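Quick notes on the structure that follows.
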Amino acid sequence: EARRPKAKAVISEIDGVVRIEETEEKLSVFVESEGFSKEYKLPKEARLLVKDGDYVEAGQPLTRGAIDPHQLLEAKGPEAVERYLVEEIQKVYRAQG
């Protein structure tokens, strides 16, 4: 159905590189670019897939979870989401043999 999952991962909108900032009542992450960048608020214990300073494709997931295909489609394009969907569906079937 292409529904946006409840426990949704947060993906990077552009190319850039990361830097963490973990204070008590907020933990925001920035994918800084050779031009300008955006800031990604998220709840603190949310798990990361980005080592600080690492380099990220556009649509590469930063938190872990399901990926809203639409967020993916605008960022990375048709073939990219076409990929995700096929694989993400097979994972389910494989797991029941």
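Following the order of the structure tokens, chains are lettered A, B, ..., residues in each are numbered from 1, and ligands are numbered from 1.
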
Give me, as a ChimeraX atom specification, all polymer residues having an atom no more than 9 Å from residue 40 in chain A, counting only C-alpha atoms and skipping those fewer than 3 positions away in the same chain.
/A:10,12,27-31

C-alpha atoms of the current selection, written as an mmCIF file, in the first residue's frame:
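As a result, again_18.cif now contains:
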```
data_model
loop_
_atom_site.group_PDB
_atom_site.id
_atom_site.type_symbol
_atom_site.label_atom_id
_atom_site.label_comp_id
_atom_site.auth_asym_id
_atom_site.auth_seq_id
_atom_site.Cartn_x
_atom_site.Cartn_y
_atom_site.Cartn_z
ATOM 1 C CA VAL A 10 14.644 9.527 9.107
ATOM 2 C CA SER A 12 19.010 12.431 4.649
ATOM 3 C CA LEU A 27 19.796 15.152 20.553
ATOM 4 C CA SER A 28 19.850 16.701 17.068
ATOM 5 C CA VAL A 29 21.922 15.621 14.053
ATOM 6 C CA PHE A 30 23.154 17.680 11.093
ATOM 7 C CA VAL A 31 24.096 16.498 7.593
#
```

Find the residues near range 50-59 of chain A: any atom within 9 Å, counting only C-alpha atoms, skip ones fewer than 3 places away on the same chain, and give them as a tab-separated table (two decimals) with N, CA and C atoms, in the first residue's frame.
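Once everything was written out, this is around-v5.tsv:
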```tsv
chain	number	residue	atom	x	y	z
A	10	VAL	N	14.43	8.17	9.58
A	10	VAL	CA	14.64	9.53	9.11
A	10	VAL	C	15.83	9.49	8.17
A	11	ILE	N	15.63	9.89	6.93
A	11	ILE	CA	16.66	9.75	5.92
A	11	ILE	C	17.19	11.13	5.55
A	12	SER	N	18.40	11.16	5.02
A	12	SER	CA	19.01	12.43	4.65
A	12	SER	C	18.44	12.91	3.33
A	13	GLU	N	18.18	14.22	3.23
A	13	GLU	CA	17.57	14.75	2.02
A	13	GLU	C	18.58	14.98	0.90
A	14	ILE	N	19.86	15.18	1.24
A	14	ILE	CA	20.89	15.57	0.28
A	14	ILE	C	22.21	14.87	0.62
A	15	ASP	N	23.22	15.11	-0.21
A	15	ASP	CA	24.59	14.71	0.08
A	15	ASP	C	25.22	15.66	1.09
A	16	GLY	N	26.08	15.12	1.95
A	16	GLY	CA	26.71	15.92	2.99
A	16	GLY	C	27.47	15.02	3.94
A	17	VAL	N	27.73	15.54	5.14
A	17	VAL	CA	28.42	14.77	6.17
A	17	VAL	C	27.91	15.19	7.55
A	18	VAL	N	28.03	14.28	8.51
A	18	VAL	CA	27.26	14.33	9.74
A	18	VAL	C	28.07	14.95	10.87
A	19	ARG	N	27.35	15.43	11.89
A	19	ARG	CA	27.97	15.74	13.18
A	19	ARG	C	26.90	15.68	14.26
A	20	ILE	N	27.19	14.92	15.32
A	20	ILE	CA	26.21	14.68	16.37
A	20	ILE	C	26.21	15.84	17.36
A	31	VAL	N	23.37	16.98	8.77
A	31	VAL	CA	24.10	16.50	7.59
A	31	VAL	C	24.57	17.74	6.85
A	62	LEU	N	19.50	7.43	8.44
A	62	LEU	CA	20.29	7.84	9.59
A	62	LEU	C	19.82	7.14	10.86
A	63	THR	N	18.55	7.30	11.24
A	63	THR	CA	18.04	6.40	12.26
A	63	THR	C	17.74	5.04	11.63
A	71	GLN	N	9.17	9.65	1.10
A	71	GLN	CA	10.39	10.35	1.48
A	71	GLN	C	11.57	9.82	0.69
A	72	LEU	N	11.63	8.51	0.50
A	72	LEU	CA	12.69	7.94	-0.30
A	72	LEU	C	12.57	8.34	-1.77
A	73	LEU	N	11.35	8.35	-2.31
A	73	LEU	CA	11.19	8.55	-3.74
A	73	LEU	C	11.58	9.97	-4.15
A	74	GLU	N	11.25	10.97	-3.33
A	74	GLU	CA	11.61	12.34	-3.70
A	74	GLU	C	13.12	12.52	-3.61
A	75	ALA	N	13.72	11.93	-2.57
A	75	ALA	CA	15.15	12.06	-2.34
A	75	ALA	C	15.97	11.30	-3.38
A	76	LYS	N	15.66	10.01	-3.61
A	76	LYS	CA	16.55	9.17	-4.39
A	76	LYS	C	16.01	8.72	-5.74
```

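Nearest residue to residue 47 in chain A among A:78, A:61, A:97, A:35 is A:61, counting only C-alpha atoms.
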
Where does DSSP see strand (DSSP E or B) in chain A, if you list the residues as a list in words?
residues 8, 11, 16, 17, 18, 19, 20, 21, 22, 23, 26, 27, 28, 29, 30, 31, 32, 39, 40, 41, 42, 48, 55, 56, 61, 63 and 66 of chain A

Mind checking which residues fall within 8 Å of residue 8 in chain A, counting only C-alpha atoms, ignoring those fewer than 2 positions away in the same chain, and posting them as a PyMOL selection string?
chain A and resi 4-6+10+65-68

For those residues, write C-alpha atoms to a file as a short mmCIF file (atom, residue, chain, number, x, y, z; two decimals), in the first residue's frame.
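Result saved to part.cif:
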```cif
data_model
loop_
_atom_site.label_atom_id
_atom_site.label_comp_id
_atom_site.auth_asym_id
_atom_site.auth_seq_id
_atom_site.Cartn_x
_atom_site.Cartn_y
_atom_site.Cartn_z
CA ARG A 4 4.28 5.52 5.92
CA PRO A 5 5.28 3.22 8.80
CA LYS A 6 4.66 4.23 12.39
CA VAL A 10 14.64 9.53 9.11
CA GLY A 65 13.59 1.63 11.08
CA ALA A 66 11.32 1.38 8.10
CA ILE A 67 11.78 3.95 5.34
CA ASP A 68 8.79 5.97 4.22
#
```

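For the pair CA of residue 89 in chain A and CA of residue 41 in chain A, the interatomic distance is 29.0 Å.
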
Write out as a PyMOL selection string all residues of chain A that backbone DSSP assigns to alpha helix (DSSP H).
chain A and resi 69-76+78-94

Limited to C-alpha atoms, could you put the picked residues into a file as a PDB file, in the first residue's frame?
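The result, written out as result.pdb:
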```
ATOM      1  CA  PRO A  69       8.931   5.110   0.491  1.00  0.00           C
ATOM      2  CA  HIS A  70       7.694   8.573  -0.522  1.00  0.00           C
ATOM      3  CA  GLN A  71      10.386  10.351   1.481  1.00  0.00           C
ATOM      4  CA  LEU A  72      12.694   7.937  -0.305  1.00  0.00           C
ATOM      5  CA  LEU A  73      11.192   8.555  -3.744  1.00  0.00           C
ATOM      6  CA  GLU A  74      11.614  12.341  -3.698  1.00  0.00           C
ATOM      7  CA  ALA A  75      15.151  12.064  -2.339  1.00  0.00           C
ATOM      8  CA  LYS A  76      16.551   9.169  -4.386  1.00  0.00           C
ATOM      9  CA  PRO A  78      12.104   5.774  -8.956  1.00  0.00           C
ATOM     10  CA  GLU A  79      14.717   3.041  -9.327  1.00  0.00           C
ATOM     11  CA  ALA A  80      15.763   3.607  -5.731  1.00  0.00           C
ATOM     12  CA  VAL A  81      12.297   3.059  -4.266  1.00  0.00           C
ATOM     13  CA  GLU A  82      11.559   0.297  -6.795  1.00  0.00           C
ATOM     14  CA  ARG A  83      14.598  -1.421  -5.227  1.00  0.00           C
ATOM     15  CA  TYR A  84      13.579  -0.853  -1.576  1.00  0.00           C
ATOM     16  CA  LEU A  85      10.059  -2.142  -2.147  1.00  0.00           C
ATOM     17  CA  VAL A  86      11.083  -5.366  -3.894  1.00  0.00           C
ATOM     18  CA  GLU A  87      13.737  -6.185  -1.305  1.00  0.00           C
ATOM     19  CA  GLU A  88      11.716  -5.140   1.739  1.00  0.00           C
ATOM     20  CA  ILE A  89       8.864  -7.413   0.596  1.00  0.00           C
ATOM     21  CA  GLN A  90      11.125 -10.423  -0.067  1.00  0.00           C
ATOM     22  CA  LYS A  91      12.607 -10.188   3.413  1.00  0.00           C
ATOM     23  CA  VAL A  92       9.150 -11.059   4.785  1.00  0.00           C
ATOM     24  CA  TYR A  93       8.666 -14.105   2.540  1.00  0.00           C
ATOM     25  CA  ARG A  94      12.190 -15.490   2.882  1.00  0.00           C
TER      26      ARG A  94
END
```

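CA of residue 77 in chain A lies 18.1 Å from CA of residue 1 in chain A.
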
In Å, how far is it from CA of residue 9 in chain A to CA of residue 39 in chain A?
14.8 Å

Contacts of residue 44 in chain A within 8 Å, only C-alpha atoms, excl. fewer than 5 positions in-chain, as a count of residues only:
4
